[PDB]
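Asks: Contents of input_5.txt (compact mmCIF, C-alpha atoms):
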```
# COMPACT_ATOMS: atom_id res chain seq x y z
CA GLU A 116 0.93 -7.88 -6.99
CA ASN A 117 0.60 -4.14 -6.31
CA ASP A 118 -2.40 -4.59 -4.00
CA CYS A 119 -0.61 -7.17 -1.82
CA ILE A 120 2.22 -5.04 -0.35
CA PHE A 121 0.95 -2.38 2.05
CA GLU A 122 3.25 0.42 3.17
CA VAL A 123 3.81 1.42 6.81
CA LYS A 124 3.64 5.15 7.56
CA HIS A 125 5.57 7.20 10.08
CA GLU A 126 4.73 10.92 10.44
CA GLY A 127 3.69 11.17 6.81
CA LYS A 128 6.35 9.03 5.11
CA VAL A 129 6.71 5.38 4.17
CA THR A 130 9.30 3.85 6.51
CA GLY A 131 8.79 0.27 5.39
CA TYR A 132 6.02 -2.03 4.21
CA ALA A 133 3.83 -4.79 5.61
CA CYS A 134 3.29 -7.78 3.36
CA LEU A 135 0.16 -9.94 3.09
CA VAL A 136 0.99 -13.66 2.75
CA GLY A 137 -0.56 -16.98 3.55
CA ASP A 138 -3.50 -15.95 5.71
CA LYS A 139 -1.11 -13.81 7.71
CA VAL A 140 -0.30 -10.13 7.64
CA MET A 141 3.36 -9.74 8.51
CA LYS A 142 5.87 -6.95 8.83
CA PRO A 143 9.47 -6.34 9.84
CA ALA A 144 9.02 -5.82 13.53
CA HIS A 145 11.91 -3.41 14.02
CA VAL A 146 10.51 -0.72 11.72
CA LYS A 147 8.08 1.57 13.52
CA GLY A 148 4.93 3.11 12.17
CA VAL A 149 1.32 2.33 11.41
CA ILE A 150 -0.29 0.36 8.61
CA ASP A 151 -1.66 2.68 5.97
CA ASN A 152 -4.87 0.69 5.59
CA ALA A 153 -7.01 1.69 8.54
CA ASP A 154 -9.04 -1.53 8.39
CA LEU A 155 -5.85 -3.55 8.85
CA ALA A 156 -4.29 -1.05 11.24
CA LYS A 157 -6.78 -1.83 14.03
CA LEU A 158 -5.71 -5.49 14.33
CA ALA A 159 -3.70 -6.89 17.20
CA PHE A 160 -0.20 -7.92 16.18
CA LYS A 161 2.02 -10.35 18.06
CA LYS A 162 5.65 -9.25 17.93
CA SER A 163 8.75 -11.37 18.41
CA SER A 164 12.01 -9.72 19.38
CA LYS A 165 14.25 -12.63 18.48
CA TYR A 166 12.71 -12.96 14.98
CA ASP A 167 11.98 -9.29 14.13
CA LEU A 168 8.66 -10.27 12.56
CA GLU A 169 5.39 -8.82 13.80
CA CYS A 170 2.38 -10.64 12.36
CA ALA A 171 -1.36 -11.10 12.72
CA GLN A 172 -4.25 -12.85 11.04
CA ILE A 173 -5.67 -11.19 7.92
CA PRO A 174 -9.38 -10.29 8.14
CA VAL A 175 -11.57 -12.87 6.49
CA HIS A 176 -12.81 -10.51 3.80
CA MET A 177 -9.49 -9.53 2.21
CA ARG A 178 -7.86 -12.97 2.20
CA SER A 179 -8.08 -12.91 -1.58
CA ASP A 180 -5.52 -10.16 -1.95
CA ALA A 181 -2.83 -12.29 -0.28
CA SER A 182 0.03 -13.93 -2.08
CA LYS A 183 0.85 -17.61 -2.27
CA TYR A 184 3.75 -19.08 -0.29
CA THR A 185 6.39 -21.75 -0.60
CA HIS A 186 9.01 -23.34 1.59
CA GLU A 187 11.05 -25.24 -0.99
CA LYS A 188 14.01 -23.07 -1.92
CA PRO A 189 16.02 -24.51 -4.81
CA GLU A 190 19.28 -22.94 -5.82
CA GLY A 191 18.59 -20.32 -8.47
CA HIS A 192 17.09 -16.96 -9.40
CA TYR A 193 14.24 -15.21 -7.61
CA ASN A 194 12.37 -11.94 -8.00
CA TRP A 195 12.27 -8.71 -6.05
CA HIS A 196 10.73 -5.30 -6.41
CA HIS A 197 14.26 -4.06 -7.05
CA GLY A 198 15.31 -6.27 -9.89
CA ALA A 199 16.34 -9.80 -9.09
CA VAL A 200 17.90 -11.75 -6.25
CA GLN A 201 20.02 -14.88 -6.35
CA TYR A 202 19.64 -17.75 -3.88
CA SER A 203 22.81 -19.74 -3.46
CA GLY A 204 24.46 -21.64 -0.64
CA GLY A 205 21.85 -20.73 1.91
CA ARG A 206 22.24 -17.01 1.22
CA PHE A 207 20.34 -14.39 -0.70
CA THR A 208 22.40 -11.92 -2.77
CA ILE A 209 21.39 -8.71 -4.56
CA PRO A 210 23.32 -6.11 -6.51
CA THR A 211 24.67 -3.64 -3.98
CA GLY A 212 22.66 -0.45 -3.70
CA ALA A 213 19.54 -2.05 -5.15
CA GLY A 214 18.61 -2.22 -1.50
CA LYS A 215 18.04 1.14 0.19
CA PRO A 216 17.55 1.30 3.95
CA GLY A 217 13.91 1.97 4.53
CA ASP A 218 12.23 -0.48 2.17
CA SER A 219 12.70 -3.19 4.72
CA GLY A 220 9.44 -5.10 4.50
CA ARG A 221 9.03 -5.94 0.89
CA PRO A 222 8.95 -9.62 -0.06
CA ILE A 223 11.01 -11.84 -2.31
CA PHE A 224 9.03 -13.90 -4.77
CA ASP A 225 9.90 -17.05 -6.64
CA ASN A 226 9.79 -17.84 -10.32
CA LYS A 227 6.31 -19.26 -9.96
CA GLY A 228 5.05 -16.22 -8.12
CA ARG A 229 4.90 -17.10 -4.45
CA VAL A 230 6.57 -15.47 -1.50
CA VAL A 231 9.74 -17.17 -0.30
CA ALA A 232 11.31 -14.53 1.92
CA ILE A 233 10.78 -11.29 3.78
CA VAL A 234 13.76 -8.97 3.65
CA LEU A 235 14.82 -7.25 6.82
CA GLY A 236 18.30 -5.95 6.27
CA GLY A 237 21.42 -5.89 4.20
CA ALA A 238 24.96 -6.96 4.89
CA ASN A 239 26.86 -4.84 2.44
CA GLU A 240 29.69 -6.61 0.71
CA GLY A 241 31.47 -6.28 -2.63
CA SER A 242 29.36 -6.26 -5.73
CA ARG A 243 26.60 -8.33 -4.12
CA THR A 244 25.05 -7.24 -0.84
CA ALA A 245 23.69 -10.15 1.17
CA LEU A 246 20.10 -9.90 2.36
CA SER A 247 19.39 -10.70 5.98
CA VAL A 248 15.98 -12.29 5.60
CA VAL A 249 13.36 -14.15 7.63
CA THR A 250 12.34 -17.24 5.71
CA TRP A 251 9.89 -19.98 6.47
CA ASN A 252 11.24 -23.48 6.52
CA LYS A 253 8.61 -26.22 6.30
CA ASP A 254 7.30 -25.54 9.81
CA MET A 255 9.60 -22.96 11.45
CA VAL A 256 10.33 -19.38 10.57
CA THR A 257 14.08 -18.77 10.60
CA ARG A 258 16.29 -15.69 10.49
CA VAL A 259 19.32 -15.71 8.21
CA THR A 260 21.61 -12.83 9.16
CA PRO A 261 25.09 -12.48 7.70
CA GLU A 262 27.51 -10.63 9.92
CA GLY A 263 27.18 -6.89 10.10
CA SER A 264 23.83 -6.65 8.39
CA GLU A 265 22.25 -3.31 9.21
CA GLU A 266 18.57 -2.98 9.90
CA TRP A 267 16.96 -1.30 6.95
CA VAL B 371 49.43 -29.48 50.21
CA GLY B 372 50.07 -32.77 48.46
CA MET B 373 46.44 -33.85 48.54
CA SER B 374 45.26 -30.48 47.29
CA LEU B 375 47.88 -30.50 44.55
CA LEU B 376 46.79 -33.96 43.45
CA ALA B 377 43.18 -32.80 43.48
CA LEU B 378 44.10 -29.83 41.33
CA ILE B 379 46.00 -31.99 38.86
CA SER B 380 43.06 -34.36 38.71
CA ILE B 381 40.57 -31.54 38.16
CA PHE B 382 42.69 -29.80 35.55
CA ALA B 383 43.49 -33.01 33.70
CA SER B 384 39.86 -34.05 33.64
CA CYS B 385 38.71 -30.64 32.48
CA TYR B 386 41.37 -30.61 29.79
CA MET B 387 40.20 -33.99 28.64
CA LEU B 388 36.67 -32.61 28.51
CA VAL B 389 37.65 -29.59 26.44
CA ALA B 390 39.73 -31.82 24.22
CA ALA B 391 36.66 -33.94 23.63
CA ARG B 392 34.75 -30.79 22.82
CA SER B 393 37.34 -29.99 20.19
CA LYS B 394 37.63 -33.49 18.74
CA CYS B 395 33.84 -33.57 18.26
CA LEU B 396 33.20 -30.01 17.10
CA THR B 397 36.16 -29.27 14.85
CA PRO B 398 34.90 -31.70 12.19
CA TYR B 399 31.91 -29.36 11.94
CA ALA B 400 33.72 -26.03 11.85
CA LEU B 401 35.83 -26.89 8.81
CA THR B 402 32.75 -27.72 6.71
CA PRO B 403 31.24 -25.02 4.51
CA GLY B 404 27.79 -25.71 5.92
CA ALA B 405 27.55 -25.14 9.64
CA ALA B 406 24.91 -27.72 10.44
CA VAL B 407 25.97 -28.43 14.07
CA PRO B 408 22.84 -30.50 14.86
CA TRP B 409 21.16 -29.27 18.00
CA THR B 410 21.85 -32.59 19.72
CA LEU B 411 25.54 -31.81 19.80
CA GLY B 412 24.63 -28.15 19.93
CA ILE B 413 23.13 -28.54 23.38
CA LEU B 414 25.21 -31.47 24.61
CA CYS B 415 28.36 -29.46 23.94
CA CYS B 416 28.42 -25.67 23.97
CA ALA B 417 28.07 -24.84 20.28
CA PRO B 418 30.38 -22.26 18.65
CA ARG B 419 27.41 -20.06 17.53
CA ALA B 420 28.11 -20.53 13.84
CA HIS B 421 27.32 -17.38 11.85
CA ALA B 422 25.33 -17.99 8.66
CA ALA C 391 8.79 -18.52 88.02
CA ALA C 392 9.54 -20.29 84.79
CA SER C 393 12.11 -23.05 85.06
CA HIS C 394 13.08 -23.06 81.39
CA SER C 395 15.08 -20.69 79.28
CA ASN C 396 12.45 -19.06 77.10
CA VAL C 397 13.59 -20.51 73.79
CA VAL C 398 10.60 -21.39 71.70
CA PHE C 399 11.55 -21.88 68.05
CA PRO C 400 10.79 -25.54 67.22
CA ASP C 401 13.63 -27.62 65.93
CA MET C 402 13.33 -29.41 62.64
CA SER C 403 11.24 -32.56 62.32
CA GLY C 404 8.67 -31.12 64.68
CA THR C 405 5.32 -31.18 62.96
CA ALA C 406 5.15 -27.44 62.44
CA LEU C 407 8.37 -26.76 60.65
CA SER C 408 8.10 -30.19 59.08
CA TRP C 409 4.94 -28.92 57.40
CA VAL C 410 6.84 -25.82 56.37
CA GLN C 411 9.60 -28.06 55.07
CA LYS C 412 7.21 -30.12 52.98
CA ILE C 413 5.46 -27.10 51.52
CA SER C 414 8.75 -25.40 50.73
CA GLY C 415 10.23 -28.59 49.34
CA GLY C 416 7.36 -29.28 46.99
CA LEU C 417 6.98 -25.69 45.85
CA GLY C 418 10.69 -25.27 45.31
CA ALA C 419 10.83 -28.56 43.46
CA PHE C 420 8.13 -27.30 41.16
CA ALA C 421 10.01 -24.02 40.80
CA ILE C 422 13.29 -25.73 39.94
CA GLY C 423 11.33 -27.86 37.50
CA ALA C 424 10.10 -24.66 35.89
CA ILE C 425 13.68 -23.41 35.81
CA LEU C 426 14.82 -26.65 34.23
CA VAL C 427 12.12 -26.69 31.57
CA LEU C 428 12.89 -23.08 30.70
CA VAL C 429 16.56 -23.87 30.41
CA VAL C 430 15.84 -26.84 28.16
CA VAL C 431 13.47 -24.90 25.89
CA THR C 432 15.70 -21.84 25.64
CA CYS C 433 18.80 -23.92 24.93
CA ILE C 434 16.93 -25.76 22.20
CA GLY C 435 15.83 -22.40 20.85
CA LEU C 436 19.39 -21.07 21.02
CA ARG C 437 20.54 -23.97 18.87
CA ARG C 438 17.40 -24.18 16.76
```
Can you dump the structure from the file as structure tokens?

Replies:
Amino acid sequence: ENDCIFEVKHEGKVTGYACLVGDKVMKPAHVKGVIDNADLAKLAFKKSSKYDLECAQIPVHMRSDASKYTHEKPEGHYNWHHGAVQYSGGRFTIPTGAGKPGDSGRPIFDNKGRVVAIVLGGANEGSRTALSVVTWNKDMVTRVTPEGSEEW
Amino acid sequence: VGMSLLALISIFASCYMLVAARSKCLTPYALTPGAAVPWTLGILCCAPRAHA
Amino acid sequence: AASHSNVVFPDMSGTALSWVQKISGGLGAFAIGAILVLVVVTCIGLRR
């Protein structure tokens, strides 16, 4: 799963990442920059202000290096590039600090290995910072933002 | 003056009844842990903008 | 010399401004329909 998360570059430094899921390249819209892969950087991307997710269609060749997706979100324990995340009560929680502002694209996987979320931000609170994330319900993509979450 | 006063009392009473109805239908959904507020009532009555 | 006060603007229901009325009415009805459908969609989006 290293060759499925592509970083976005701004003046020489990774300012977030653009994930490759489900026959769609997608990225946190609010983070600025350019896709590191030049082949994927020259694609047109449709933004959406009210959803903060800028996506496009992956080129036909590289569909293989794209992760599998799910919409069914049982209560329980999910993966992350920074340790683990917990899904409970319609929220996602991480250990505080695990999330640094600037890694604001990376995905959240499930136990079976298929993307269930795309982090955008954190709402810092107590021992467990909530993750403001854009999920995909069965046919809609929906933003879950706890109050005061700060764009990573 | 009397007609206008009666019109004002009618308007205010009706509007108060309307806002009371708003309450009586939406407060059962603000005291639940899960702010569903189905978009039917969400549009029909101005929805509190529940904050997930 | 002319025996009428030179007032020329047709009054309503004369064929000219009636045509203007019908064009404006239909176009504005379609415009307010566009306004209404936007309001309905955006309210549904606000709640959805």

Asks: Would you mind listing what lies within 12 Å of residue 420 (chain B) as a list in words, with only C-alpha atoms counted and same-chain residues fewer than 6 positions away left out?

Replies: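 Result of the neighbour search: residues 259, 260, 261 and 262 of chain A; 396, 397, 399, 400, 401, 402, 403, 404, 405, 406, 407, 408, 409 and 412 of chain B; 436, 437 and 438 of chain C.
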
Asks: Mind listing as a ChimeraX atom specification which residues of chain A are within 12 Å of chain C, counting all atoms listed in the file?

Replies: /A:165-166,252,255-258

Asks: To one decimal place, how far is CA of residue 215 (chain A) from CA of residue 249 (chain A) in Å?

Replies: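 Computing it gives 17.6 Å between the two atoms.
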
Asks: Please return, as a PyMOL selection string, all residues of chain C lying within 12 Å of chain B when all atoms listed in the file are considered.

Replies: chain C and resi 429-438
